[PDB]
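S.K.: Take a look at upload38.txt, compact mmCIF, C-alpha atoms and all ligand atoms:
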# COMPACT_ATOMS: atom_id res chain seq x y z
CA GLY Q 3 82.01 56.34 90.62
CA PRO Q 4 83.64 59.65 89.54
CA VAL Q 5 86.74 59.90 87.35
CA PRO Q 6 89.73 61.22 89.37
CA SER Q 7 91.25 64.66 88.85
CA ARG Q 8 94.54 66.44 89.61
CA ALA Q 9 95.65 70.08 89.69
CA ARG Q 10 97.37 71.04 86.42
CA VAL Q 11 99.86 73.09 88.48
CA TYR Q 12 101.56 72.86 91.87
CA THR Q 13 100.36 69.25 91.97
CA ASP Q 14 102.95 67.69 94.26
CA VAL Q 15 104.24 70.72 96.16
CA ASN Q 16 103.09 69.35 99.54
CA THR Q 17 104.40 65.84 98.87
CA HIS Q 18 107.93 67.35 98.58
CA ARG Q 19 107.62 69.28 101.88
CA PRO Q 20 108.28 67.89 105.35
CA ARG Q 21 105.07 66.38 106.78
CA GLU Q 22 104.96 69.04 109.50
CA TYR Q 23 104.26 71.69 106.78
CA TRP Q 24 100.79 70.32 106.02
CA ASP Q 25 100.10 67.97 108.94
CA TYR Q 26 98.63 70.75 111.06
CA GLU Q 27 97.11 68.34 113.61
CA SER Q 28 100.72 67.86 114.90
CA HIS Q 29 101.34 71.62 115.22
CA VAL Q 30 101.84 72.87 118.81
CA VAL Q 31 100.76 76.48 119.35
CA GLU Q 32 103.24 78.43 121.55
CA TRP Q 33 101.03 81.21 123.01
CA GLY Q 34 102.44 84.69 123.44
CA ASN Q 35 101.88 87.02 126.39
CA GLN Q 36 98.40 88.59 126.34
CA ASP Q 37 99.62 91.51 128.47
CA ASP Q 38 101.72 92.68 125.53
CA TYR Q 39 98.61 93.88 123.61
CA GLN Q 40 96.06 96.50 124.64
CA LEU Q 41 92.86 96.74 122.56
CA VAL Q 42 92.17 100.32 121.36
CA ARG Q 43 88.96 100.13 119.30
CA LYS Q 44 86.65 97.71 117.58
CA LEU Q 45 87.05 97.72 113.76
CA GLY Q 46 84.42 95.16 112.78
CA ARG Q 47 82.58 91.98 113.88
CA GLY Q 48 81.86 88.65 112.09
CA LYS Q 49 79.92 85.49 113.07
CA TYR Q 50 83.35 83.81 113.61
CA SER Q 51 85.43 86.71 115.04
CA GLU Q 52 85.72 90.27 116.43
CA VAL Q 53 88.42 92.53 114.94
CA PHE Q 54 90.16 95.32 116.87
CA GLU Q 55 92.93 97.82 116.50
CA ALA Q 56 95.43 97.27 119.31
CA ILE Q 57 98.87 98.37 120.46
CA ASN Q 58 101.87 96.22 121.34
CA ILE Q 59 102.96 97.93 124.58
CA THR Q 60 106.42 96.24 124.61
CA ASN Q 61 107.46 98.36 121.61
CA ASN Q 62 104.61 100.77 120.69
CA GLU Q 63 103.61 98.98 117.42
CA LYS Q 64 100.06 99.40 116.01
CA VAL Q 65 98.60 95.89 115.48
CA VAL Q 66 95.28 94.29 114.53
CA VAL Q 67 93.73 91.63 116.80
CA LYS Q 68 91.25 89.03 115.57
CA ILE Q 69 89.56 87.40 118.60
CA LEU Q 70 88.19 84.07 117.32
CA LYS Q 71 84.69 82.86 118.18
CA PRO Q 72 84.73 79.21 119.39
CA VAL Q 73 85.55 76.92 116.43
CA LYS Q 74 86.79 73.30 116.36
CA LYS Q 75 90.43 73.12 117.58
CA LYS Q 76 91.39 71.36 114.31
CA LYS Q 77 90.16 74.27 112.17
CA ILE Q 78 91.98 76.82 114.39
CA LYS Q 79 95.21 74.79 114.02
CA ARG Q 80 94.66 74.65 110.25
CA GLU Q 81 94.25 78.43 109.90
CA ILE Q 82 97.27 79.16 112.15
CA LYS Q 83 99.52 76.72 110.30
CA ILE Q 84 98.48 78.13 106.92
CA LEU Q 85 99.01 81.73 108.09
CA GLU Q 86 102.47 80.83 109.40
CA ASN Q 87 103.40 78.96 106.19
CA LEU Q 88 102.26 81.92 104.03
CA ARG Q 89 103.74 84.69 106.23
CA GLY Q 90 105.57 87.28 104.12
CA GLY Q 91 103.78 86.26 100.91
CA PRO Q 92 102.51 88.99 98.54
CA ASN Q 93 99.34 90.60 99.85
CA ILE Q 94 98.80 87.89 102.49
CA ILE Q 95 98.00 89.26 105.99
CA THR Q 96 101.08 88.84 108.19
CA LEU Q 97 100.52 86.92 111.44
CA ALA Q 98 102.72 88.45 114.14
CA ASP Q 99 101.55 86.58 117.28
CA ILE Q 100 98.96 84.32 118.88
CA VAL Q 101 97.58 85.06 122.37
CA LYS Q 102 94.72 83.63 124.47
CA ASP Q 103 91.97 86.17 125.31
CA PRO Q 104 91.44 86.44 129.09
CA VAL Q 105 87.67 87.06 128.83
CA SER Q 106 86.47 84.52 126.24
CA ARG Q 107 89.46 82.19 126.87
CA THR Q 108 89.36 82.07 123.00
CA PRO Q 109 92.45 82.49 120.74
CA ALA Q 110 93.44 85.93 119.42
CA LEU Q 111 95.50 86.31 116.23
CA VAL Q 112 97.71 89.40 116.13
CA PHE Q 113 98.53 90.86 112.71
CA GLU Q 114 100.89 93.49 111.37
CA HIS Q 115 98.88 96.75 111.02
CA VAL Q 116 96.57 96.87 107.97
CA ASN Q 117 94.11 99.52 106.80
CA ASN Q 118 90.76 99.11 105.06
CA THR Q 119 89.21 101.91 102.97
CA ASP Q 120 85.43 101.98 103.40
CA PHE Q 121 84.63 100.32 100.08
CA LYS Q 122 81.35 102.22 99.53
CA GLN Q 123 83.31 105.47 99.17
CA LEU Q 124 85.48 103.69 96.57
CA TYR Q 125 82.82 101.64 94.70
CA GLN Q 126 81.37 104.74 93.00
CA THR Q 127 84.87 105.95 92.07
CA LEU Q 128 86.44 102.69 90.78
CA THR Q 129 87.89 102.97 87.27
CA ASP Q 130 88.43 100.20 84.73
CA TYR Q 131 92.15 100.63 85.50
CA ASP Q 132 91.59 100.30 89.24
CA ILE Q 133 89.72 97.01 88.79
CA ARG Q 134 92.52 95.60 86.59
CA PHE Q 135 95.12 96.75 89.14
CA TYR Q 136 93.42 95.29 92.22
CA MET Q 137 92.52 92.05 90.36
CA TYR Q 138 96.26 91.68 89.51
CA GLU Q 139 97.13 92.23 93.21
CA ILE Q 140 94.63 89.48 94.23
CA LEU Q 141 96.17 87.17 91.62
CA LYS Q 142 99.63 87.68 93.18
CA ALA Q 143 98.24 86.45 96.55
CA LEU Q 144 96.48 83.46 94.93
CA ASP Q 145 99.47 82.42 92.80
CA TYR Q 146 101.56 82.61 95.96
CA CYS Q 147 99.25 80.55 98.17
CA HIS Q 148 98.63 78.01 95.37
CA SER Q 149 102.41 77.71 94.85
CA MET Q 150 102.64 77.07 98.62
CA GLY Q 151 100.14 74.19 98.31
CA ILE Q 152 97.12 76.06 99.76
CA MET Q 153 93.61 76.73 98.42
CA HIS Q 154 91.80 79.75 99.92
CA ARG Q 155 88.30 78.33 99.18
CA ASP Q 156 86.49 81.52 100.24
CA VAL Q 157 87.38 84.21 97.71
CA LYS Q 158 84.85 87.07 97.87
CA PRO Q 159 84.76 90.89 98.32
CA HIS Q 160 84.41 90.55 102.10
CA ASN Q 161 87.76 88.68 102.17
CA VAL Q 162 89.64 91.36 100.19
CA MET Q 163 90.91 94.41 101.97
CA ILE Q 164 92.05 97.51 100.04
CA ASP Q 165 93.89 100.57 101.37
CA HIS Q 166 93.21 102.79 98.37
CA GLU Q 167 95.38 105.68 99.64
CA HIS Q 168 98.57 103.56 99.39
CA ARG Q 169 97.47 101.27 96.54
CA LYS Q 170 97.68 98.24 98.89
CA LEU Q 171 95.63 95.04 99.13
CA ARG Q 172 95.30 92.04 101.45
CA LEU Q 173 93.64 88.62 101.11
CA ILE Q 174 92.09 87.79 104.53
CA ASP Q 175 90.04 85.11 106.34
CA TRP Q 176 92.07 81.96 105.83
CA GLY Q 177 89.63 80.04 108.08
CA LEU Q 178 88.30 77.85 105.23
CA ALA Q 179 91.67 77.36 103.48
CA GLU Q 180 93.10 73.85 103.05
CA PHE Q 181 96.24 72.10 101.79
CA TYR Q 182 96.01 70.56 98.29
CA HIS Q 183 96.96 66.87 98.14
CA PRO Q 184 96.45 64.92 94.88
CA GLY Q 185 93.65 62.38 95.28
CA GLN Q 186 92.10 63.93 98.41
CA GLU Q 187 88.32 64.32 98.57
CA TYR Q 188 87.35 67.70 100.07
CA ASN Q 189 84.15 68.90 101.75
CA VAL Q 190 82.07 70.69 99.07
CA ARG Q 191 80.17 72.77 101.67
CA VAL Q 192 82.61 75.69 101.50
CA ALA Q 193 82.74 79.19 100.01
CA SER Q 194 79.85 81.64 99.96
CA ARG Q 195 77.01 80.43 97.69
CA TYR Q 196 77.55 83.14 95.09
CA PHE Q 197 81.21 82.16 94.64
CA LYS Q 198 80.88 78.37 94.83
CA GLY Q 199 82.33 76.58 91.82
CA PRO Q 200 80.19 74.16 89.78
CA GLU Q 201 82.36 71.36 91.21
CA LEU Q 202 80.98 72.11 94.67
CA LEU Q 203 77.39 72.44 93.43
CA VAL Q 204 77.44 69.04 91.64
CA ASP Q 205 79.30 67.38 94.60
CA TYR Q 206 82.64 66.66 92.85
CA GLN Q 207 84.95 66.36 95.85
CA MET Q 208 88.40 65.86 94.25
CA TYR Q 209 88.85 69.57 93.46
CA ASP Q 210 91.90 71.85 93.63
CA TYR Q 211 93.30 75.42 93.50
CA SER Q 212 91.16 76.11 90.42
CA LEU Q 213 88.11 76.55 92.73
CA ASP Q 214 89.60 79.93 93.70
CA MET Q 215 89.75 80.95 90.03
CA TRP Q 216 86.00 80.41 89.59
CA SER Q 217 85.33 82.55 92.68
CA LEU Q 218 87.63 85.24 91.29
CA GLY Q 219 85.69 85.16 88.00
CA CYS Q 220 82.46 85.70 89.96
CA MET Q 221 84.04 88.76 91.59
CA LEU Q 222 85.22 90.12 88.23
CA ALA Q 223 81.73 89.70 86.72
CA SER Q 224 80.15 91.54 89.66
CA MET Q 225 82.63 94.45 89.30
CA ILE Q 226 82.56 94.97 85.47
CA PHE Q 227 78.78 94.45 85.25
CA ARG Q 228 77.90 96.36 88.46
CA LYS Q 229 75.85 93.43 89.73
CA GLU Q 230 76.71 92.15 93.20
CA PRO Q 231 76.44 89.20 93.46
CA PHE Q 232 76.62 88.29 89.76
CA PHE Q 233 75.17 84.77 90.11
CA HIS Q 234 72.48 85.41 92.78
CA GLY Q 235 71.05 82.04 93.78
CA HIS Q 236 68.53 81.91 96.63
CA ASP Q 237 69.63 78.31 97.39
CA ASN Q 238 72.37 75.86 96.36
CA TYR Q 239 70.17 74.38 93.61
CA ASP Q 240 69.09 77.73 92.17
CA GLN Q 241 72.76 78.81 92.33
CA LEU Q 242 73.60 76.23 89.66
CA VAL Q 243 70.46 77.22 87.70
CA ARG Q 244 71.61 80.85 87.58
CA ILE Q 245 75.00 79.71 86.25
CA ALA Q 246 73.37 77.36 83.71
CA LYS Q 247 71.13 80.15 82.37
CA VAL Q 248 74.35 81.97 81.34
CA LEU Q 249 76.97 79.28 80.55
CA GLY Q 250 74.29 76.95 79.14
CA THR Q 251 73.31 73.40 80.01
CA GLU Q 252 75.23 71.69 77.14
CA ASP Q 253 78.67 72.39 78.69
CA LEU Q 254 77.34 71.49 82.17
CA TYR Q 255 76.21 68.04 81.03
CA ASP Q 256 79.52 67.65 79.10
CA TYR Q 257 81.41 68.31 82.41
CA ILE Q 258 79.27 65.81 84.32
CA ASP Q 259 79.83 63.22 81.57
CA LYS Q 260 83.61 63.80 81.44
CA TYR Q 261 84.05 63.21 85.19
CA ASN Q 262 81.32 60.52 85.39
CA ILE Q 263 79.54 62.52 88.08
CA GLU Q 264 76.26 61.05 89.39
CA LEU Q 265 73.65 63.77 89.69
CA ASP Q 266 70.13 63.43 91.06
CA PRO Q 267 67.76 62.82 88.07
CA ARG Q 268 65.58 65.44 89.79
CA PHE Q 269 68.39 67.99 89.48
CA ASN Q 270 68.50 67.26 85.75
CA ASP Q 271 64.85 68.25 85.31
CA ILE Q 272 65.12 71.44 87.39
CA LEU Q 273 68.31 72.34 85.43
CA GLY Q 274 66.39 72.04 82.16
CA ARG Q 275 67.85 73.26 78.86
CA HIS Q 276 69.48 76.68 78.43
CA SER Q 277 71.50 78.15 75.59
CA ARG Q 278 74.94 79.62 76.27
CA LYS Q 279 74.44 83.42 76.33
CA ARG Q 280 76.84 85.97 74.94
CA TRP Q 281 78.41 88.10 77.73
CA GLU Q 282 77.35 91.19 75.76
CA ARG Q 283 73.75 90.82 76.95
CA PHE Q 284 74.81 91.92 80.49
CA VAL Q 285 76.54 95.14 79.27
CA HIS Q 286 74.45 98.31 79.70
CA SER Q 287 75.10 102.10 79.71
CA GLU Q 288 75.92 102.02 83.48
CA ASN Q 289 78.63 99.28 83.29
CA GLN Q 290 79.99 99.53 79.72
CA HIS Q 291 82.88 101.77 80.86
CA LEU Q 292 84.21 98.75 82.85
CA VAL Q 293 83.87 96.19 80.04
CA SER Q 294 86.43 95.61 77.27
CA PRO Q 295 87.02 92.75 74.79
CA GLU Q 296 90.01 91.82 76.94
CA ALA Q 297 87.92 91.83 80.16
CA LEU Q 298 85.34 89.54 78.51
CA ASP Q 299 87.98 87.18 77.09
CA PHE Q 300 89.60 86.93 80.55
CA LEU Q 301 86.21 86.40 82.25
CA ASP Q 302 85.37 83.67 79.70
CA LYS Q 303 88.61 81.85 80.61
CA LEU Q 304 87.87 81.89 84.38
CA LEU Q 305 84.19 80.89 84.26
CA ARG Q 306 84.44 77.34 82.82
CA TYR Q 307 82.59 74.31 84.21
CA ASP Q 308 85.67 72.14 83.74
CA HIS Q 309 88.00 73.12 86.60
CA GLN Q 310 90.96 71.80 84.55
CA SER Q 311 90.30 74.28 81.70
CA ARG Q 312 90.22 77.46 83.86
CA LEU Q 313 93.26 79.72 83.80
CA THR Q 314 95.77 79.24 86.58
CA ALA Q 315 96.69 82.29 88.64
CA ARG Q 316 100.02 82.60 86.79
CA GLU Q 317 98.34 82.27 83.35
CA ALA Q 318 95.74 84.89 84.39
CA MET Q 319 98.58 87.30 85.29
CA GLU Q 320 99.90 87.03 81.68
CA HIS Q 321 96.48 87.75 80.15
CA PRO Q 322 96.00 90.92 78.02
CA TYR Q 323 93.51 92.35 80.57
CA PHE Q 324 96.56 93.15 82.74
CA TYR Q 325 99.08 94.23 80.08
CA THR Q 326 99.18 97.96 80.81
CA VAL Q 327 99.10 97.41 84.63
CA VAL Q 328 102.15 95.09 84.36
CA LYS Q 329 103.89 97.61 82.09
CA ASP Q 330 103.01 100.42 84.46
CA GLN Q 331 104.16 98.49 87.54
CA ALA Q 332 107.52 97.97 85.83
CA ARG Q 333 107.37 101.80 85.43
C1 LIG C 401 92.74 90.69 109.33
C2 LIG C 401 91.74 91.81 109.46
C3 LIG C 401 90.36 91.55 109.48
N1 LIG C 401 89.41 92.47 109.47
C4 LIG C 401 89.79 93.78 109.45
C5 LIG C 401 88.81 94.80 109.36
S1 LIG C 401 87.07 94.44 109.24
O1 LIG C 401 86.83 93.12 109.72
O2 LIG C 401 86.30 95.54 109.74
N2 LIG C 401 86.85 94.39 107.62
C6 LIG C 401 86.79 93.04 107.03
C7 LIG C 401 87.11 93.13 105.56
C8 LIG C 401 86.14 94.04 104.82
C9 LIG C 401 86.54 94.06 103.34
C10 LIG C 401 86.00 95.13 102.41
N3 LIG C 401 86.28 94.69 101.01
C11 LIG C 401 85.91 95.67 99.96
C12 LIG C 401 86.41 95.26 98.60
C13 LIG C 401 87.76 95.24 98.31
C14 LIG C 401 88.22 94.93 97.04
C15 LIG C 401 87.33 94.64 96.01
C16 LIG C 401 87.85 94.63 94.62
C17 LIG C 401 88.42 93.49 94.07
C18 LIG C 401 88.85 93.49 92.75
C19 LIG C 401 88.72 94.61 91.97
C20 LIG C 401 88.16 95.75 92.51
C21 LIG C 401 87.73 95.77 93.82
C22 LIG C 401 85.98 94.64 96.32
CL1 LIG C 401 84.85 94.28 95.06
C23 LIG C 401 85.52 94.95 97.58
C24 LIG C 401 86.16 95.41 105.48
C25 LIG C 401 85.90 95.33 106.99
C26 LIG C 401 89.16 96.12 109.26
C27 LIG C 401 90.50 96.48 109.26
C28 LIG C 401 91.48 95.54 109.35
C29 LIG C 401 91.16 94.17 109.44
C30 LIG C 401 92.12 93.14 109.44
Would you mind writing the structure in this file as structure tokens?

M.R.:
Amino acid sequence: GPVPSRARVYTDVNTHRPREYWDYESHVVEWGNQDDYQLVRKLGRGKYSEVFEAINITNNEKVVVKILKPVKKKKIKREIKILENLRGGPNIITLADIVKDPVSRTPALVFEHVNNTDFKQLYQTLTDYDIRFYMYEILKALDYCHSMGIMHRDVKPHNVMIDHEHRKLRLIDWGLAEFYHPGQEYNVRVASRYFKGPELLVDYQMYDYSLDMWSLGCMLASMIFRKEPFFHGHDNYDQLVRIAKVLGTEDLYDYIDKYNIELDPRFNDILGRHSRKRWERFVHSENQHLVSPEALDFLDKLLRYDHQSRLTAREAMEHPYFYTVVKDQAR
């Protein structure tokens, strides 16, 4: 059976909190008054929610309403508790209220007003500096939630809002997030395929905050190399193959050995043998303006098989890739 693993940081943060902090099954939702909010316009739709701009009529505040599609009550409680625990954190969406929808009977989360810039208009105009800046802003949200004992587990472009006009950013969709407890075995069937860590793909359940750092690395690769998604698997198996064709099979098998992970002998044959590639082979005339030695060094230190060897959020924030942004922020 597999060798156990622990977060290198924020290991015991939840153990030191009152049980109610993380024991979301005990949480009692006190519903607000639905009549306080009038929907104004639809902003977007997901498979799990509909998002609207609304107005709080009690006081004339602009608000955003996320009307949840039916999900298991446990997972709704989890997301609410996490949002409440993280309220006020840097670049975390701020949950103002919780109301039941009259029509669908389903829950509606009410947030402090947030703006999204149509990314497509930005994508073609995003500088090397901009990427460093926004990556730093994401890292502030991740360091915060990790420090608060919470893994996002679904880091991806769709879960990152920017308001480019005001240089503002928000990490959204906390629906897959979970509390970190040392020893706990988590469901590996989380995150979008392109951003799943190797730990998920090889079925190592005793994972931690460092999952988010892999996903972040996948995002960084897609941005600097202009290749979205960067690791484009067509299935969960091929996802790991795409990774292995870049990082190499030697380090993959070293990881599996270190943690005594049992992998299907079939998987071993379809994985094959691949050299570790230099990152330079993915630089081309279109993307080279986004790529620096510092960007590649940083990327290298996120995208490791061994979850324990990846940078933490706080370490990442100290990395040379961010030096001029930090200096400039401290204007
Ligand atoms: C709570 C809530 C829920 N939804 C809301 C909606 S929505 O549902 O319509 N909405 C969902 C979110 C989606 C995100 C677009 N992300 C683009 C992006 C951003 C940053 C990066 C990036 C990272 C690192 C370095 C450089 C760039 C990249 Cl690569 C891409 C837009 C659409 C609108 C308004 C307010 C809402 C409020």

S.K.: What does the list of residues within 6 Å of ligand LIG 401 (chain C) look like if you count all atoms listed in the file, written as a ChimeraX atom specification?

M.R.: /Q:45-46,53,116-118,121,133,136-137,159-164,174

S.K.: Expressed in Å to a single decimal, how great is the separation between CA of residue 151 in chain Q and CA of residue 215 in chain Q?

M.R.: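 Interatomic distance here is 14.9 Å.
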
S.K.: If we count only C-alpha atoms and set the cut-off at 12 Å, which residues sit around residue 126 in chain Q, ignoring sequence neighbours fewer than 3 positions away in its own chain? Please answer as number ranges by chain.

M.R.: Q: 120-123, 129-130, 132, 225, 228, 288-289

S.K.: Kindly indicate which residue among Q:264, Q:27, Q:114, Q:139 lies nearest to residue 328 in chain Q, using all atoms listed in the file for the distances.

M.R.: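 Selected residue with least distance to residue 328 in chain Q: Q:139.
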
S.K.: Taking 4 positions as the minimum chain separation for residues in the same chain, which residues sit within 7 Å of residue 96 in chain Q when counting only C-alpha atoms? Answer as a tab-separated table (two decimals) with C-alpha atoms, in the coordinates of the input.

M.R.:
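Generated output (around.tsv):
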chain	number	residue	atom	x	y	z
Q	89	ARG	CA	103.74	84.69	106.23
Q	90	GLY	CA	105.57	87.28	104.12
Q	113	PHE	CA	98.53	90.86	112.71
Q	114	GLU	CA	100.89	93.49	111.37

S.K.: Can you pull out the residues contacting residue 269 in chain Q? Cut-off 10 Å, using only C-alpha atoms, and skip same-chain residues under 4 positions away; I want them as a PyMOL selection string.

M.R.: chain Q and resi 204+239+242-243+265+273-274

S.K.: With distances taken over only C-alpha atoms, which of Q:69, Q:246, Q:140, Q:78 is nearest to residue 233 in chain Q?

M.R.: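 Of Q:69, Q:246, Q:140, Q:78, the one nearest residue 233 in chain Q, counting only C-alpha atoms, is Q:246.
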
S.K.: Measure the distance from CA of residue 171 in chain Q to CA of residue 194 in chain Q in Å and round it to one decimal.

M.R.: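 Separation between CA of residue 171 in chain Q and CA of residue 194 in chain Q: 20.7 Å.
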
S.K.: CA of residue 286 in chain Q and CA of residue 125 in chain Q are how many Å apart?

M.R.: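 For CA of residue 286 in chain Q relative to CA of residue 125 in chain Q, the distance reads 17.5 Å.
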
S.K.: Would you kindly return, as number ranges by chain, each protein, DNA or RNA residue with an atom no farther than 12 Å from any atom of residue 39 in chain Q, considering all atoms listed in the file and excluding same-chain residues fewer than 2 positions away?

M.R.: Q: 34-37, 41-42, 54-68, 98-104, 110-113

S.K.: Extract, using all atoms listed in the file, all DNA, RNA and protein residues at most 12 Å from residue 217 in chain Q, discarding same-chain residues fewer than 5 positions from it, and format them as number ranges by chain.

M.R.: Q: 140-141, 144, 153-159, 161, 192-202, 211-212, 222-224, 231-233, 301, 304-306, 309, 312

S.K.: Counting all atoms listed in the file, which residues have an atom no more than 7 Å from (105.5, 86.1, 96.6) in the file's coordinates? Please list them as a list in words.

M.R.: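 Every polymer residue passing the test: residues 91, 92, 142 and 146 of chain Q.
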
S.K.: Which residue out of Q:281, Q:176, Q:131, Q:182 has the minimum interatomic distance to residue 24 in chain Q when all atoms listed in the file are used?

M.R.: Q:182
